[PDB]
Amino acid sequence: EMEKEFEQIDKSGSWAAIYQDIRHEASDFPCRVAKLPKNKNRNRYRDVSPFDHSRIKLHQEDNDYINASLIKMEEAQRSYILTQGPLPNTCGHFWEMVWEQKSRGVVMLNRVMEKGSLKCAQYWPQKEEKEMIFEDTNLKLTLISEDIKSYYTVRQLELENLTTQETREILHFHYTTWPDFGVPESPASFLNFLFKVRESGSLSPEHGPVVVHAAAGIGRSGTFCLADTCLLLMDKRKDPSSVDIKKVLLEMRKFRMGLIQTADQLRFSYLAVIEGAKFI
């Protein structure tokens, strides 16, 4: 399989050399809107910037900026919005996006706190009584239910547009067990989580794109998107052994920078795609 390539990169210990080469081969495009003076307070520090060609635009006339990009995988017929972890003052923008892009699912690959720091804002409510109103974008948000499993949490949230009084159910998939440092030892958890997301309808064409997010320079979001896509492609191509992760990763990197921050993370993607393919 691509396992043969995996095993061989392991033997010659060349993950770093392969990773550098992908890093070097990947696309560079301008982020001028991101770099603008007025959007400084809308960018998470140390995070990635969105390319102009692919950024999501808020449907507001005055400032349409949010740090997020649409990743459109044409052959897998699959779309994703990857964003930064909402900031204290961009939770309303975040939820605005979700509403406007007709999203069904949010996918969170980090804990609110890791390494004893806040990685993002508590952007969703923790108790069903204590609902959140976002005044700047006129959306209300309400916890409907929350099922805490050993390696991830599903939440049903209700997103109401206070302007039209129209309402939507959003599923919130939170992967709660990625280690503070490194990549998981085994990909079993991560795949089950992928499949729980897939199983919800959240990734399917009848909905808008899934909004996926993690924390500043820690990756994860690409690993999720990359794994999902590769697996799809193996399932639909006449020749499954022709799905090159590097070729998919590079393609997917035309849309946002820093999917896959490390050689280790690269290796872990190979791992998950290999195991998940065996499973499917």
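Note that residue numbering begins at 1 and tracks the sequence as displayed.
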*Which wins on mean Cα temperature factor, 106 to 114 or 70 to 78?*
70 to 78
*Higher average CA B factor in the deposited record is what I'm after, so tell me if that's 158 to 166 or 186 to 194.*
158 to 166
*According to the PDB entry, is the CA B factor of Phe29 in the bottom, middle or top third of its chain, that is, lowest, middle or highest?*
middle
*Which third of the chain holds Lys130 when residues are ordered by C-alpha B factor: lowest, middle or highest?*
highest
*Rank-wise, by C-alpha B-factor, drop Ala227 into the lowest, middle or highest third of its chain.*
lowest
*Mind checking which third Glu251 falls in for C-alpha B-factor across the chain?*
lowest
*asked:* Please place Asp147 in the lowest, middle or highest third of its chain according to the CA B-factor in the PDB entry.
replied: highest
